[PDB]
Amino acid sequence: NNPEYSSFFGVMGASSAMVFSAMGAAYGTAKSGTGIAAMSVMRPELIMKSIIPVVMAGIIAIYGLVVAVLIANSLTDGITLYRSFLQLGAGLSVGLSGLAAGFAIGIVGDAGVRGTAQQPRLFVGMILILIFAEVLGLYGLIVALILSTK
Amino acid sequence: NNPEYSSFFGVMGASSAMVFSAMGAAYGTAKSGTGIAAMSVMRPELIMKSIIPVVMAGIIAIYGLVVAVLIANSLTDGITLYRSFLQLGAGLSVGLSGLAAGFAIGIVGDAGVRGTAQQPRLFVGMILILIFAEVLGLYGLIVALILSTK
Amino acid sequence: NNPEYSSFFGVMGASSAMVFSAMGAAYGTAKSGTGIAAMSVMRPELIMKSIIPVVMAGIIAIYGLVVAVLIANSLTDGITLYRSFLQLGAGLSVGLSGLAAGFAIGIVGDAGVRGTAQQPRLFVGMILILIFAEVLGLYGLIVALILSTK
Amino acid sequence: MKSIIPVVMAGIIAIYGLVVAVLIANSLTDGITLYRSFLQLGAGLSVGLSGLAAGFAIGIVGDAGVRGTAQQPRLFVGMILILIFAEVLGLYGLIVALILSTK
Amino acid sequence: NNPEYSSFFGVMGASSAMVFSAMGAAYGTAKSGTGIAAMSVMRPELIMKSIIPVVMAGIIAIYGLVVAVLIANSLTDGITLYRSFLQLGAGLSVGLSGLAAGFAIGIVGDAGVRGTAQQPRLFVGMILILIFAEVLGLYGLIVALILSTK
Amino acid sequence: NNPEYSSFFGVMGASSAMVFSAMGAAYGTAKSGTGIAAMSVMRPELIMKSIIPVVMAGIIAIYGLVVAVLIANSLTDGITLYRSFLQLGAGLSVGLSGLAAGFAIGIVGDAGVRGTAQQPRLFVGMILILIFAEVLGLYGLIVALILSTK
Amino acid sequence: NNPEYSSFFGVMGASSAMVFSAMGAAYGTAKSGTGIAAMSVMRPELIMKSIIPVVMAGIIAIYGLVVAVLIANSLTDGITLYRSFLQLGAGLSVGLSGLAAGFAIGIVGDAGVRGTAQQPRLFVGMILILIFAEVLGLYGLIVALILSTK
Amino acid sequence: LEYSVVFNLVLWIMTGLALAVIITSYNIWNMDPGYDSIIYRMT
Amino acid sequence: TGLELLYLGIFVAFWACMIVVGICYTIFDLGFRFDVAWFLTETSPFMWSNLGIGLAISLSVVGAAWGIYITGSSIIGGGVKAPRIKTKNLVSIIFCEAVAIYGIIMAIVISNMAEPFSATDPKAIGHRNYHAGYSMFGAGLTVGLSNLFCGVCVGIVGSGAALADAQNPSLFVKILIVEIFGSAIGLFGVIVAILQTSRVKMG
Amino acid sequence: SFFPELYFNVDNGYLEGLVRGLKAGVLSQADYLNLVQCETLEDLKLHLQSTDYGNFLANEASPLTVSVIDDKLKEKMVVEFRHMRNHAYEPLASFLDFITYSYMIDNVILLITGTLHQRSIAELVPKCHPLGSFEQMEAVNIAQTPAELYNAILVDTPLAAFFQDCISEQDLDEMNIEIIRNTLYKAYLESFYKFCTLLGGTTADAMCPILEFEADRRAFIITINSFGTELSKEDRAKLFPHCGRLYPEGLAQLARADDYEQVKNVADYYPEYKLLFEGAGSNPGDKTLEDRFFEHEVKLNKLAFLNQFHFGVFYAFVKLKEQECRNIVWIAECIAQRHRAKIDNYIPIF
Amino acid sequence: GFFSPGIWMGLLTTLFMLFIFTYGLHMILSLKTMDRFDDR
Amino acid sequence: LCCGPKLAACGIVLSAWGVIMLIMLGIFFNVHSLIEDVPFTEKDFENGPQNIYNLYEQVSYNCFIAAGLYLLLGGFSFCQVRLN
Amino acid sequence: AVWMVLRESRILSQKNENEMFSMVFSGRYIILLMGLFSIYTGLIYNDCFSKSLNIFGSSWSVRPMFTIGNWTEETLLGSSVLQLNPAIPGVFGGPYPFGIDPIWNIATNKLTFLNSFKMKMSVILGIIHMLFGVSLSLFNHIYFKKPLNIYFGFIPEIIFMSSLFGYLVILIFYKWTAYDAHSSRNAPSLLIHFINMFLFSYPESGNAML
């Protein structure tokens, strides 16, 4: 009674959840790393504070990792298709939302870190902005979890 | 009697709402954060006022979360397809409208924040303009809410 | 007796009416805000007058809201297709028309605000040209509304 | 000598590819029930495209890190931390592939 | 009898003729108008001479009109299809050929006006060239008429 | 005995021949006229000699007109298809070959006209090359004539 | 027993042989003529012995003409398809190979003539190099001749 | 049976997702580090 | 050029796939699997008709609107030193509104012909309805695109007019003649669209 | 092509109208004649007030001198340029930056030499040409250390890429200051020209002819002026830009030339230039070659204003107004020194 | 079969509105802010 | 010839390593007449296990030949380093 | 490493401008150990240039008894097939005294038998080593008299890691000794139970419990 090919959707979800969120975190980390290098040569004393955008970027990738595992552990051969579609949507929701978050984290990290090099008071504002990008990633996780368990 | 694979469209709606709204908020956040880092380096006393663009971007993201959840909680297996198209419309309506709002927030945020430091009397005008962008995001939510329960 | 998928075309009309109009208004707002931010630094006394391009951009968004809702309230399950394509046409008609008008408002408004600061005698000319832009969006609404009941 | 680290770490991605590519190959037969085949396809793409993302991350930060280190040797510790997170992204790819390819 | 859909091709013919000829005339006219305004600032006494390229462009429009009208008047429901293909070919033949001519008219008129502005002896030369471009358009009409009456 | 739509391929031949050859001549004319307009300012006495590239280009256009008419005259409803493909091939052969020739005419005329003004001894060399471009166009006509009667 | 989709493959061979070869020769002619015109400014005495690259370009066009005629003469109605694919291969082989040669002729001719202008010793070298490009084109003819009779 | 459904879905889903990866990869591939600060000296 | 590269890559792959599929369907001698009549007849005339209606009006606005911003920026810019400009060069925007109106009237005249069929099996049903459907599509497309390019023409020319008048007030009147030709281009599209639907019926 | 006349007016529409509106304000031939009929500097001021010029010498020292009106004229056009430069977007702003680069190059030549002969930056900046600006630090407070200036330039100053020809500081100390600045400017022309060709629309066709002229014009004058000095023929050739009409073949002849006659023979191959050398009678009481070149350059920059959709209008604007300033100062100077027979040596700008 | 009358008609309308979206977004993406502000 | 003592020294190391590996390998083939199980057997394999033993004996002989060449190489390279 | 040490006096009392040689020389005592342990581990891995070391103790299977177990003239079909050697035929078994039985080095499925070992071994070694690293923190917190860092830090941290990851390690050893081939069908999958553990996922059927 189960339509063959049905698993294709859910399987692409589990992968997409990791792949797209990984690209986001990869952008965030890479973009921040360049800004960090610029700051640190000018002044290395902040080297342990400018790393934060990178840690945040990683958390985004984790959001995707969590969903990718939840989907993979929810695959079966006798899949009812409905659940497979939910898994694809859930995987894309967190993956693509984390992807957007990754760009948000990278762009503001680079600008914030480079600015902080000149103005130490910028640190607090940078963190608050970074918080919004992490929240943007979480919203994706929330929806993905709702769909995958629906 | 209900067409098969009918859930696909509604599932894409739920994910589309969250992803496009996150894309919008992410763009608006990134553009504002760049302006903030460039602006507040000279005038840190404005760092706690130039954050607002970013908050409004976050509202765009919430619009998406509200609909994406509303859609997900409305899905079942035996969907009459009709309902799914309605769910897809509601998802895209808020998602892509929030995306457009994100660009409005981003461009106006960057221009406004840097301009505000050059001319503090601009602050109020910046907020009013950004208010229209938040309203543009809301119009999308209004339609999505009308469709999602239709 | 209803060709299945009949409802699909209609709901896309409501989506297009809102999404395309939001895109237009969003662009119009972005250009106007950028021009205002650049102008207002030297002549802050013009900030209040300079907001007008932004309001009109907003009106473009409203036309889209009007059609998008009118279509949404006009959807049912047993749609005879004939009605569905009429709604799709109305949606696209106001959508693209509002989208084009939003571009005209943004581009003209940007130049108008900058020019007005240099030469206040241009203020009325700015308003006149911009009214035409809005009238174009109106046109889109008028026909989109007429088609909805044919 | 120290500046080689980005290159050495990057090599892990090719290794991850080998590890999964072989793990999948070990489970290729003729009478495959399709289900398991998709799982293998997903695991292959998951680690591959995730490793691709990680490769980008490592390369970009390596260039900035190595150049910065010569300007300021204190950058060494920060460079290492950044490289790690980029490598973790490749690791996450492996993790999903291992869980999926064995499901 | 006369197959269905057979008029489809003939309708595209009538549309193609007018639309592509309008493209040619619109480009050729815009290019000439730019050159005319550019010259007229420097010396107004040549303005009348510089108008002809615009008429040239208009003729392209007429070429398209002649065929589009011929086909549109010939179109009926019971078309033997063979006739529709002739109309399709005639439509494209005159439209695309007039399009090429209009492009040529634009380029040579704009360059010719600037040339004449510098050197009044050029007048005869550019007129001879523009005559060739008009001949290029007519060729299109000739073939289209031969096909439309075949 | 013959299939339907068999005239479709043939009629595209008649159209293709005229359109591509007109496009070639149009390009060659446009490039030549640009060179003439720019050159004639310094050397007005060459205006009546620098026109030649334009005449060459017109020949490409005639080449195309001749075949397009021959196809139209030999295009019937009860066509055996075989002949239709031959007509399509003949149309494309002369059209696309003329298009290539028009390009060469264009580039050589543009450079040649300016080169001649800077070097009166180049005039003969310019003609020889343009003779080669006319030969390139003729080869297309020859093949088309062979195919259309085969 | 002859498949009616074969007279198309065949005639496209004859067309390809001519069209692509004309494109190659046209490119080589366009580039060679441009270099010659520039050269003539300083060294007009070289104009006549600089035409060779253009003659070679023409030979490429002939390569195509010959095959196109051989195929066109070979085309019949009851084609066994096998022959049609041989005609298609032969057409493309000579045409596209000549096209490649046209680029070599063009680029080498331009650079060679411009160099020769300053270093008369380059002339034998220019010819040797261009001879290789003509040989590359001939290779295309050789294969086409083998296929067209197979 | 219903091939057109599976086909249509899979074609456009994998095409859109594949393009999203290609575009994202492009944007990352060409990340602009700024080519400043220390790059001017290292170049 | 990131977007241009995207557009090109899609364009090339799009047609490259069509070439392979087309030639393959031929080579493998498929039973007319690529059936153009099937596409044209299964697609409801309601889609074709209502598409043409929306295009007719919407494309015309795009043109009008395009031209408006072309001349708006030029007029406002020049007006910084020549405030006289707004007195006369506003007609360029009047021309753009007129270009939009052309499409609006045509779109309504077409939409007035929209009717239901109460039809099912296309075979021998609605033969005339298909003609009217395709004709309405064509006429709508015809006028839409014609006004679209018309609006751009008059916009570009109006820009030159404003730049000319900024420097010499005597030039406006003579240049005005060019915009009139531009407007005519749009009107020609209207004439043909009317003819194309002059003999149609739905229902 | 269809490249311009479409998206161009979206961002650059305003600036095109404004800059042509500014062009309208340039002194006409009728206005120059009214300015000649003065013979008094105060009367010159009065007659200038009839145009877009005027009311800018108010509140200055009661006696008017040539040095004062000269500085003020520069300042007026600097403000107009900076205004248009500030109200602009990257697609156009990058073009304008190239224009500013030409002035930055001269200013950094001024910063060196002074650094090489211990002078403080603060003393040098007041005599730098506007538009150089140098808002960045590190170029400031270099502590009169050449290495610090060469590091600040390499890093912060947009001209860093151009200095790739002249590097390692060794070049700064061993090369003559004039060879350094001519080399750097050549690099500027090469990049700027290529930039204009990347913008492969109307701008390339309207702008490149001007740059190609500048390349050839400098090659001619450099060859002639270099005759009487000590400079290796190869090093002279290194200063010839390759974005021009002499590059294919012609520069080789100028590089070898040791006499004006040979330089003219090079021009003989280019009628557009030959006319300039024949018109430059060079008699003891006539116009010279530099004067004819100025007249030609203005023709070219004026023809730039025949295209309504490009960036070349902004370049031409600056050069034409700069010549306008030269013309006005010339008149003021001729009045002050009472050389009325030499008044008609201004370059008409239509 | 590969396509149905439903699926196809959907794709045909989807592309038209997709082109409209692409057009709109294209101009939105090619939207810049100022590098600097004019004066004090 | 000298060839450089840096390269002669490398030859000594390669030669010594080779002699050790080739002798040990040849023994393994001779004893297990095996893990490698790649003596290039015939495709026309008959019921004669003794045929496999004979193949390994051939492989072993070849191993000692290669070792002999490394012994000669080490001798030459050794004297080069001493003379260099 | 031995060479470098034996020449230590000649290399150290010299000039070594090449930092690559100096670097490895400075680490010569670190490398020495790496070599010594590499031998130890290689012997347990039983890989010496992809060759196993058979000590005449390889008793994995008794081929003569294979043919007895309903395998008569399998070498006829064998010409085109492999045929996997069964577990628990009653005549196979017994561990290899030291390292991996050489027989696997010549199998076509080495890549699954030994691959699983290395995966599980890596987890076992990693988690145990991590627990050691945590244990060390207790001594440091005692030295600096920070009761809070052990009452609210160490204790819940070591329990957290133990409860999740040490549990996993125990199960890995359990499976190896708990299940034989007699239960190979529906044999529990440790990875799935680990994931289901965290999620409190306890399906009624589909997975056997350990």
# chains A, B, ... in the order shown; residues from 1 in each chain; ligands from 1

$ closest_atom_pairs --of "chain K" --to "chain C" --cutoff "9 Å" --atoms "only C-alpha atoms" --output "tab-separated table"
residue	atom	partner	partner_atom	distance
K:6	CA	C:5	CA	6.4
K:7	CA	C:5	CA	8.6
K:10	CA	C:9	CA	7.4
K:13	CA	C:9	CA	8.0
K:14	CA	C:12	CA	8.9
K:17	CA	C:92	CA	7.5
K:20	CA	C:96	CA	7.0
K:21	CA	C:20	CA	7.0
K:24	CA	C:23	CA	6.8
K:25	CA	C:23	CA	7.7
K:27	CA	C:27	CA	8.4
K:28	CA	C:27	CA	6.2
K:31	CA	C:31	CA	8.2
K:32	CA	C:34	CA	8.9
K:33	CA	C:34	CA	6.5
K:34	CA	C:38	CA	7.6
K:36	CA	C:38	CA	8.4
K:37	CA	C:38	CA	5.7
K:38	CA	C:38	CA	6.9
K:39	CA	C:42	CA	6.4
K:40	CA	C:42	CA	6.1

$ write_last_selection --atoms "N, CA, C and O atoms" --output "tab-separated table (two decimals), in the first residue's frame"
chain	number	residue	atom	x	y	z
K	6	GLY	N	-3.30	18.97	-15.79
K	6	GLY	CA	-3.19	19.73	-14.54
K	6	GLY	C	-1.76	20.16	-14.30
K	6	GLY	O	-1.55	21.37	-14.12
K	7	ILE	N	-0.85	19.20	-14.24
K	7	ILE	CA	0.51	19.57	-13.91
K	7	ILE	C	1.00	20.65	-14.87
K	7	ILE	O	1.54	21.67	-14.44
K	10	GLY	N	-0.30	24.11	-14.51
K	10	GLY	CA	0.31	24.69	-13.34
K	10	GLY	C	1.69	25.23	-13.63
K	10	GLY	O	2.02	26.37	-13.28
K	13	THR	N	1.61	28.53	-15.73
K	13	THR	CA	1.29	29.73	-14.97
K	13	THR	C	2.38	30.03	-13.94
K	13	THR	O	2.69	31.19	-13.66
K	14	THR	N	3.00	28.98	-13.40
K	14	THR	CA	4.04	29.18	-12.40
K	14	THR	C	5.21	29.94	-12.99
K	14	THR	O	5.72	30.88	-12.36
K	17	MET	N	4.52	33.75	-13.47
K	17	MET	CA	4.64	34.52	-12.23
K	17	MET	C	6.03	34.40	-11.63
K	17	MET	O	6.46	35.28	-10.88
K	20	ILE	N	8.00	37.15	-13.19
K	20	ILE	CA	7.66	38.41	-12.54
K	20	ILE	C	8.41	38.55	-11.22
K	20	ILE	O	8.99	39.60	-10.91
K	21	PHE	N	8.40	37.49	-10.42
K	21	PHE	CA	9.17	37.50	-9.18
K	21	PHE	C	10.65	37.72	-9.46
K	21	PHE	O	11.29	38.54	-8.79
K	24	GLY	N	11.25	41.34	-10.31
K	24	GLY	CA	11.17	42.20	-9.14
K	24	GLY	C	12.38	42.04	-8.25
K	24	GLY	O	13.01	43.02	-7.84
K	25	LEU	N	12.74	40.80	-7.95
K	25	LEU	CA	13.86	40.54	-7.06
K	25	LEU	C	15.17	41.02	-7.67
K	25	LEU	O	16.04	41.55	-6.97
K	27	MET	N	15.83	43.61	-9.56
K	27	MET	CA	16.03	45.03	-9.29
K	27	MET	C	16.23	45.30	-7.81
K	27	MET	O	16.99	46.19	-7.44
K	28	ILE	N	15.57	44.52	-6.95
K	28	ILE	CA	15.77	44.69	-5.51
K	28	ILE	C	17.19	44.33	-5.11
K	28	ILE	O	17.81	45.04	-4.31
K	31	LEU	N	20.47	46.92	-5.66
K	31	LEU	CA	20.09	48.10	-4.91
K	31	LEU	C	21.15	48.43	-3.87
K	31	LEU	O	21.45	47.64	-2.97
K	32	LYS	N	21.73	49.61	-3.99
K	32	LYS	CA	22.88	49.96	-3.17
K	32	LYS	C	22.53	51.10	-2.24
K	32	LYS	O	21.58	51.85	-2.47
K	33	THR	N	23.30	51.23	-1.16
K	33	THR	CA	23.25	52.41	-0.32
K	33	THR	C	24.48	53.28	-0.56
K	33	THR	O	25.38	52.94	-1.32
K	34	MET	N	24.50	54.43	0.11
K	34	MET	CA	25.55	55.40	-0.11
K	34	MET	C	26.83	54.98	0.62
K	34	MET	O	26.79	54.38	1.70
K	36	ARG	N	29.09	57.35	1.57
K	36	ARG	CA	29.27	58.41	2.55
K	36	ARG	C	28.16	59.43	2.40
K	36	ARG	O	27.47	59.49	1.38
K	37	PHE	N	27.99	60.24	3.44
K	37	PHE	CA	26.96	61.26	3.46
K	37	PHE	C	27.58	62.60	3.06
K	37	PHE	O	28.78	62.83	3.25
K	38	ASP	N	26.77	63.49	2.49
K	38	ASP	CA	27.34	64.63	1.78
K	38	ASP	C	28.15	65.55	2.69
K	38	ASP	O	29.34	65.79	2.44
K	39	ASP	N	27.53	66.07	3.75
K	39	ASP	CA	28.21	67.05	4.60
K	39	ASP	C	27.59	67.12	5.98
K	39	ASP	O	26.61	66.43	6.28
K	40	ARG	N	28.16	67.97	6.84
K	40	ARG	CA	27.60	68.24	8.15
K	40	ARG	C	26.50	69.30	8.03
K	40	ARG	O	25.60	69.37	8.86

$ interface_residues --of "chain D" --to "chain A" --cutoff "9 Å" --atoms "only C-alpha atoms" --output "PyMOL selection string"
chain D and resi 33-36+38-39+41-43+45-65+67-69+71-75+77-79+81-82+85-86+88-90+92-93+95-97+99-100+103

$ interface_residues --of "chain C" --to "chain I" --cutoff "8 Å" --atoms "only C-alpha atoms" --output "ChimeraX atom specification"
/C:81-82,85-86,88-90,92-94,96-97,100-101,103-105,107-108,111-112,115-116,118-119,121-122,125-126,129,132-133,136,139-140,143,147,150

$ select_by_dssp --residues "chain L" --states "alpha helix (DSSP H)" --output "number ranges by chain"
L: 5-31, 50-83

$ write_last_selection --atoms "C-alpha atoms" --output "PDB file, in the first residue's frame"
ATOM      1  CA  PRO L   5      76.918  12.143  -1.306  1.00  0.00           C
ATOM      2  CA  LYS L   6      73.370  13.184  -0.403  1.00  0.00           C
ATOM      3  CA  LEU L   7      72.019  10.970  -3.178  1.00  0.00           C
ATOM      4  CA  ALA L   8      74.469   8.124  -2.613  1.00  0.00           C
ATOM      5  CA  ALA L   9      73.433   8.125   1.042  1.00  0.00           C
ATOM      6  CA  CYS L  10      69.802   7.789  -0.014  1.00  0.00           C
ATOM      7  CA  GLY L  11      70.762   4.856  -2.212  1.00  0.00           C
ATOM      8  CA  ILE L  12      72.413   3.124   0.759  1.00  0.00           C
ATOM      9  CA  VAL L  13      69.191   3.448   2.802  1.00  0.00           C
ATOM     10  CA  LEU L  14      67.022   2.261  -0.124  1.00  0.00           C
ATOM     11  CA  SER L  15      69.459  -0.607  -0.825  1.00  0.00           C
ATOM     12  CA  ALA L  16      69.586  -1.762   2.821  1.00  0.00           C
ATOM     13  CA  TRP L  17      65.778  -1.554   3.186  1.00  0.00           C
ATOM     14  CA  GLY L  18      65.309  -3.401  -0.097  1.00  0.00           C
ATOM     15  CA  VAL L  19      67.714  -6.231   0.766  1.00  0.00           C
ATOM     16  CA  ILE L  20      65.916  -6.723   4.106  1.00  0.00           C
ATOM     17  CA  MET L  21      62.419  -6.706   2.535  1.00  0.00           C
ATOM     18  CA  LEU L  22      63.291  -8.830  -0.527  1.00  0.00           C
ATOM     19  CA  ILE L  23      65.013 -11.558   1.488  1.00  0.00           C
ATOM     20  CA  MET L  24      62.196 -11.738   4.026  1.00  0.00           C
ATOM     21  CA  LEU L  25      59.554 -11.747   1.289  1.00  0.00           C
ATOM     22  CA  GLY L  26      61.283 -14.499  -0.653  1.00  0.00           C
ATOM     23  CA  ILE L  27      61.417 -16.605   2.487  1.00  0.00           C
ATOM     24  CA  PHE L  28      57.704 -16.125   3.133  1.00  0.00           C
ATOM     25  CA  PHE L  29      56.916 -17.324  -0.382  1.00  0.00           C
ATOM     26  CA  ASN L  30      59.193 -20.327   0.096  1.00  0.00           C
ATOM     27  CA  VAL L  31      57.774 -21.273   3.498  1.00  0.00           C
ATOM     28  CA  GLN L  50      51.852 -29.204  -6.187  1.00  0.00           C
ATOM     29  CA  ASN L  51      51.455 -26.726  -9.052  1.00  0.00           C
ATOM     30  CA  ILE L  52      50.867 -23.952  -6.517  1.00  0.00           C
ATOM     31  CA  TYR L  53      53.973 -24.848  -4.522  1.00  0.00           C
ATOM     32  CA  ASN L  54      56.052 -24.665  -7.699  1.00  0.00           C
ATOM     33  CA  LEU L  55      54.708 -21.210  -8.558  1.00  0.00           C
ATOM     34  CA  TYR L  56      55.735 -19.816  -5.183  1.00  0.00           C
ATOM     35  CA  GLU L  57      59.222 -21.281  -5.566  1.00  0.00           C
ATOM     36  CA  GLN L  58      59.592 -19.284  -8.779  1.00  0.00           C
ATOM     37  CA  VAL L  59      58.398 -16.130  -7.027  1.00  0.00           C
ATOM     38  CA  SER L  60      60.880 -16.689  -4.202  1.00  0.00           C
ATOM     39  CA  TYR L  61      63.801 -17.050  -6.612  1.00  0.00           C
ATOM     40  CA  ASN L  62      62.837 -13.753  -8.235  1.00  0.00           C
ATOM     41  CA  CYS L  63      62.837 -12.056  -4.840  1.00  0.00           C
ATOM     42  CA  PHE L  64      66.438 -13.064  -4.146  1.00  0.00           C
ATOM     43  CA  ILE L  65      67.492 -11.837  -7.591  1.00  0.00           C
ATOM     44  CA  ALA L  66      66.105  -8.384  -6.806  1.00  0.00           C
ATOM     45  CA  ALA L  67      67.934  -8.464  -3.476  1.00  0.00           C
ATOM     46  CA  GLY L  68      71.170  -9.208  -5.305  1.00  0.00           C
ATOM     47  CA  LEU L  69      70.755  -6.044  -7.348  1.00  0.00           C
ATOM     48  CA  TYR L  70      70.215  -4.054  -4.152  1.00  0.00           C
ATOM     49  CA  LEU L  71      73.363  -5.608  -2.709  1.00  0.00           C
ATOM     50  CA  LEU L  72      75.265  -4.387  -5.766  1.00  0.00           C
ATOM     51  CA  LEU L  73      73.586  -0.985  -5.492  1.00  0.00           C
ATOM     52  CA  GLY L  74      74.488  -0.680  -1.820  1.00  0.00           C
ATOM     53  CA  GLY L  75      78.093  -1.571  -2.552  1.00  0.00           C
ATOM     54  CA  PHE L  76      78.424   1.098  -5.216  1.00  0.00           C
ATOM     55  CA  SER L  77      76.575   3.754  -3.218  1.00  0.00           C
ATOM     56  CA  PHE L  78      78.628   2.920  -0.125  1.00  0.00           C
ATOM     57  CA  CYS L  79      81.956   3.574  -1.828  1.00  0.00           C
ATOM     58  CA  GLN L  80      80.607   6.831  -3.250  1.00  0.00           C
ATOM     59  CA  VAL L  81      79.868   8.188   0.225  1.00  0.00           C
ATOM     60  CA  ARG L  82      83.265   7.085   1.520  1.00  0.00           C
ATOM     61  CA  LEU L  83      85.047   8.695  -1.428  1.00  0.00           C
TER      62      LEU L  83
END

$ residues_around --residues "residue 64 in chain J" --least-positions-apart "3" --cutoff "7 Å" --atoms "only C-alpha atoms" --output "PyMOL selection string"
chain J and resi 41-42+61+68
